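Visitor: Following this message is one structure expressed as structure tokens.
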Amino acid sequence: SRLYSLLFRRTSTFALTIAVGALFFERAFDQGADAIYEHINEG
Amino acid sequence: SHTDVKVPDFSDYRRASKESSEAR
Amino acid sequence: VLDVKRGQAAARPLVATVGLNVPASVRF
Amino acid sequence: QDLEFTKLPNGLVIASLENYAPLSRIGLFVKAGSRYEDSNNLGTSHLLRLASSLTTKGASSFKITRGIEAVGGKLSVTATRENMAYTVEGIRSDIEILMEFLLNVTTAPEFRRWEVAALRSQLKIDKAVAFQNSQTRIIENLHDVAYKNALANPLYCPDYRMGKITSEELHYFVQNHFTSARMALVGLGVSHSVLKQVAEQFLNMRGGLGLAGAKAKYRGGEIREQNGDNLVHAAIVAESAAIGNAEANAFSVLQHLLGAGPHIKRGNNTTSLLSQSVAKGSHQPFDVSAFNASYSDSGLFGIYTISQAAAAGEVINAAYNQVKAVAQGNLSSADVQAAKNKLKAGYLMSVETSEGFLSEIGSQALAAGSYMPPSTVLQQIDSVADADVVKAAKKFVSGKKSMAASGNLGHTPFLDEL
Amino acid sequence: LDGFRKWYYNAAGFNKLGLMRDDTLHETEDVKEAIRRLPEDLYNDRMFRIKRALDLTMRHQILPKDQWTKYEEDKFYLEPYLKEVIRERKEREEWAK
Amino acid sequence: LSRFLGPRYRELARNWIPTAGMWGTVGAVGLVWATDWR
Amino acid sequence: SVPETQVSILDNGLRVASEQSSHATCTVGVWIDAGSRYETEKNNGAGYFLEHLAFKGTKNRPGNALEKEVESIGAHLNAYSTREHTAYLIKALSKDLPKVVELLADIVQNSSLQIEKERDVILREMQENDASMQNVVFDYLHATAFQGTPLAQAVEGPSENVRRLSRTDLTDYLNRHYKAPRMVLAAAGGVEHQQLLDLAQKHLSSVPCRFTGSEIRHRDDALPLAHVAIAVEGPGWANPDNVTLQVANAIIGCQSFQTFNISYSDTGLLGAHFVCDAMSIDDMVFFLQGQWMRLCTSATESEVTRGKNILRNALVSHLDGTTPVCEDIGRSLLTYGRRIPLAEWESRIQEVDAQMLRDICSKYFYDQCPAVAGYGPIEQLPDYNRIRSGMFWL
């Protein structure tokens, strides 16, 4: 419940959480996928 | 009039308390 | 439609009433 | 403390209680009702009542509205045909600027043509909404079908006169009917001293007496209105006593003997001789009461009935027959004592509120220039005696009647049949 | 300076088309309000003059010189009213802040 | 601009300031993730 | 300078509250903590029905006898029922307290239950109670906001129950919800507290609600005007923030755009009711939502002041008269358990500033899901997503 009251209730903060999250999510997604591709293709 | 019937039940819809609203 | 609409029978003279305040009506 | 009514030489009378109550109220009472109008200014009064917010020669409409609102004060302009009063209510600290606003409004309207123009659409509404309760239409039609010139003028503006009332006319009324000698400033919540010190400035200006008070002449007659309502409304009145006579007290005792409103919610108002005389013969829903409206030169007293169209006839007849019984001496002393108790309790509960107390003092001022302590009245109402009541009755049962009817009037009788 | 004013007046030449000064004030909201309040007579007159100018402008012609509204003749009708409207906006603004 | 000069007007802004910074801030961080500046 | 509102209690538990004033008449009433909230859908019109039957017949007085007497004394007899409280009060010359109190005693106990006729009366009026569009809107703003609870059901009840009610049922409601500890004898005006306490000793000595963000839309296009009410959950009766919410209502004050803060026992409805031509309903709604939002993020000390002052001139007092005051004494003893004086109200008003007003407004109005009730030509009234999205700003 705290999160809603803190980062998801004020639209400005909603955007902030979205943008920040997206900033981190991507690199990771790329890494994970890339890694998987690599494990999947060992050569 | 306007009081003959009551709001139909939404129990199969309604979830299962401001305490929860914040989470919901 | 008498703008915003609302039986007791009048037994006394009428007295209009209007002014700055939003309410305005007549009483017997 | 007590009001102290003092007539400033300008003619204005000042009076205050300074109850030191939280929200003091101050009201100017000026004899300026439709009565004081005439045939070619029909409507001036109505607009004047709705135009308490036009720029005053001293303040902008904007400030007026905002200022009063800010302090939480309230300016209201009541108005009867016999008179009219502007009233301001508010904190003791903000009543200085409240008196500034109220005295600017009463003594200096700019009546700007553009402004007055903007109001005529607001005028249609008032005259319109006030007519929701059929009673309004009736009492109006009644005072009209009954009188010839003065008290026949309506409280609300006629339909043709909307779009025709001009600023000039309004200004004319004030300078004519709104003069000092015809006004009085009573204030609850203020120092009698200052009232004199804020009226000696603006009110004493219009020193003259003002346009003559057109006398009122009775005409009799009947005006009906077939409009297909579910209930038939019918008022049958005759000429009665005026303000300032003991026969007016007799007529007030007579309406409280005949029935002047229910005291119990959902009661049948058992005692009302009228209600009893109708209910012994008719099982339909009904509402029968006694109507009394007395002004300083003339009065109207009669019966008011609401009933199903079908029974409308004999119910009216039954009510009329009951008054004829009172005209024949068929009354008991306990009934008159109960009527006196009802009348005096109604007077005390009317003056128990602050705005009703301020209105009463105001009315007394304009009417007799003097304050009559609630106590004094009690003994005068007591003065009315049984025979006196009977007398007023015979006046009604004999004097030419005036009848205003509305509804499905296929079974509503006429005056020559009534 | 006043003579210069008259010169500018002629140069402005709004007199030529047959219009008074208040005639040319751009109809800013404020101007709009004042125009509305104008007693009808003036309003209708204003319209006539304005329309005439339009017609004259269309034909690329100017009224007879004599008919030109003389500087002296020019009077300010809208202005008296406009002043109030402006003051009104002003009053509202500070009660606003 | 004359009208903007007001104490309340000022109060409103002061109350509005934090929110303004936030959106700009989000936009700022957004630009970063948007371009990965180099 | 200021009345005392001296209040005491008795054996039964009935409280006897009074606020002497120099006015001459008095308003003596009995309040009872019994409304439609205490009814269990099998007796949904018992309180209303009782009132209709009450005031008419009793043990010491037959039929009109009480009505007949109060007229004889010259007093006005009134009664009303809400979802939580029932009141029977008499306005009468102070000297008549002796009978204004004995009469009230009969009305609360020893009452005699006509039932047939009152049933017809209630039923028929209800058949026409539909004319009071506003009441309709407000009795659905209640149904759709408090679905499944005893706060959804109306004071009058459904015609069904009205027809199906019997003396014994009534007797039960009477014998169940008319207990002495849940009763206040309130007096205002020219009364002495010791005399009123002696009269109460002589006579009368014998005596999870939930808000559901929802929507009800009654579309009937033949009506000329549309009435729409939008509310959120009010804090309650005892919640302190009620006062900062009243100031917020005083800031707000299309057409007939009233504002309400209806309070029940730890719940309530806080919102606005407006009547407009259909074509403008959406614009009104947009307007209104913007305003609530204005207070939530952009208040101004000036306007707060405007609001504090209007609230200051609303407080009820001896000036307002006996009844208004009694009524306040009865509700204050039933809800708060004490009569809050006007000085405490002034202190709670003057402690309100702009920052705590926008904090409390963000607490309640901002983002909570509203209850919407519309009646009339309400096609252009926006559905729940648009109103819910208008309950916040991006």
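Residue numbering in chain G adheres to Swiss-Prot, whereby the residues present occupy positions 44-156, 160-253, 267-312, 338-478 in order.
Each Cβ is built from the backbone N, Cα and C atoms, and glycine gets one as well.
Annotations per Swiss-Prot:
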{"type": "MOD_RES", "residues": "G:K111", "note": "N6-acetyllysine"}
{"type": "MOD_RES", "residues": "G:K138", "note": "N6-acetyllysine"}
{"type": "MOD_RES", "residues": "G:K163", "note": "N6-acetyllysine"}
{"type": "MOD_RES", "residues": "G:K163", "note": "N6-succinyllysine"}
{"type": "MOD_RES", "residues": "G:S212", "note": "phosphoserine"}
{"type": "MOD_RES", "residues": "G:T214", "note": "phosphothreonine"}
{"type": "MOD_RES", "residues": "G:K248", "note": "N6-acetyllysine"}
Visitor: Quick check for the class: what is the C-alpha distance, in angstrom and rounded, between G:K111 (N6-acetyllysine) and G:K138 (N6-acetyllysine)?
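Guide: Taking the Cα atoms only, G:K111 (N6-acetyllysine) lies 18 Å from G:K138 (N6-acetyllysine).
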Visitor: In the three-state scheme derived from DSSP, which category covers G:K248 (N6-acetyllysine)?
Guide: helix
Visitor: If we count other C-beta atoms within 10 Å, could you say which of the modified residues G:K111, G:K138 has the fewest?
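Guide: Among the modified residues G:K111, G:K138, the lowest count of other Cβ atoms within 10 Å belongs to G:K138.
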Visitor: Can you figure out which of G:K163, G:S212, G:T214, G:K248 (the modified residues) comes closest in space to G:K138 (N6-acetyllysine), comparing Cα atoms?
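Guide: Comparing Cα positions, the closest of these modified residues turns out to be G:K248.
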Visitor: Compare the C-alpha of G:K248 (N6-acetyllysine) with the C-alpha of each of the modified residues G:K163, G:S212, G:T214, and give the closest one.
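Guide: Result for G:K248 (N6-acetyllysine): the nearest of the modified residues is G:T214.
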Visitor: Counting across all protein chains present, how many other Cβ atoms fall within 10 Å of the Cβ of the residue listed as 'phosphothreonine'?
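Guide: Looking across every protein chain shown, the total is 9.
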Visitor: In the three-state scheme derived from DSSP, which category covers G:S212 (phosphoserine)?
Guide: coil
Visitor: Sequence gap of 6 or more, C-beta under 8 Å: which same-chain residues meet both conditions with respect to the residue listed as 'phosphoserine'?
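Guide: In sequence order, G:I161 meet the Cβ cut-off.
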Visitor: Counting across all protein chains present, how many other Cβ atoms fall within 10 Å of the Cβ of G:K248 (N6-acetyllysine)?
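Guide: I get 12 for this one.
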Visitor: Write out which of the listed modified residues, namely G:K111, G:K138, G:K163, G:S212, G:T214, G:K248, lie with a C-beta under 8 A from a C-beta of chain D, sequence order kept, or 'none'.
Guide: G:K111
Visitor: Quick one: pull the CA-CA distance for G:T214 (phosphothreonine) versus G:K163 (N6-acetyllysine), whole Å only.
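Guide: Cα-Cα distance, G:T214 (phosphothreonine) to G:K163 (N6-acetyllysine): 17 Å.
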Visitor: G:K163 (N6-acetyllysine) has how many other Cβ neighbours within 10 Å of its own Cβ?
Guide: 11
